[PDB]
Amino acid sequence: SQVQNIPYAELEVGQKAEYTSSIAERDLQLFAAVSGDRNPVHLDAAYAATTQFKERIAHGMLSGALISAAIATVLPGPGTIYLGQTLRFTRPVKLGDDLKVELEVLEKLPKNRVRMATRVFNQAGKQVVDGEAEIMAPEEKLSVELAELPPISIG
């Protein structure tokens, strides 16, 4: 399929969208690989078993990654420019959690700018991240084929 954006003129204050992701081993490994954060509580099950969490946990900033993809692919979607992001990390995310990013349009501002609430909840409905984004929303309507990745093999 193709992904259609929601340009500035069509956005409304209060408009919401959601973006969901499971927290699997592969997510922990991919985020470590691209961040360089090889702390063993995210990677080494034997190590994590010795910690207070008893199992591996996700990097806090994995939620910033998910938020950015929600904004870029769902609301407003293709053509958006990222100007800023604030994150508050409220609760840890554990291996085997499922996260839901909730976006909400808070304000429409000059120069096609939008303030977007960016919240993340886990499978129990508890908020794990709170924050807000500043973006420049797309001026024109757009339909874009997202790129398919090559196969990525781990282990």
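Sequential numbering from 1, following the sequence displayed.
Novice: Hey, which bit's got the bigger mean C-alpha B factor in the entry, 27-35 or 107-115?
Specialist: Averaging CA B-factors over each stretch, the winner is 107-115.
Novice: Per the entry, where is the mean C-alpha temperature factor higher: 116-124 or 82-90?
Specialist: Looking at the recorded C-alpha B-factors, 116-124 comes out higher on average.
Novice: Report the option among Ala17, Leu146, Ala133, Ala137 whose CA atom has the maximum B-factor in the deposited record.
Specialist: Within the set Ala17, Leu146, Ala133, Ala137, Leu146 shows the top C-alpha B-factor.
Novice: If you rank every modelled residue in this chain by C-alpha B factor, which third holds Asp98: lowest, middle or highest?
Specialist: Within its chain, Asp98 is a middle-third residue by C-alpha B-factor, going by the deposited values.
Novice: Looking at the C-alpha B-factor of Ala45, is it in the lowest, middle or highest third of its chain?
Specialist: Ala45: CA B-factor falls in the middle third of its chain.
Novice: Which third of the chain holds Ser68 when residues are ordered by C-alpha B factor: lowest, middle or highest?
Specialist: Its C-alpha B-factor belongs to the middle third of this chain's values.
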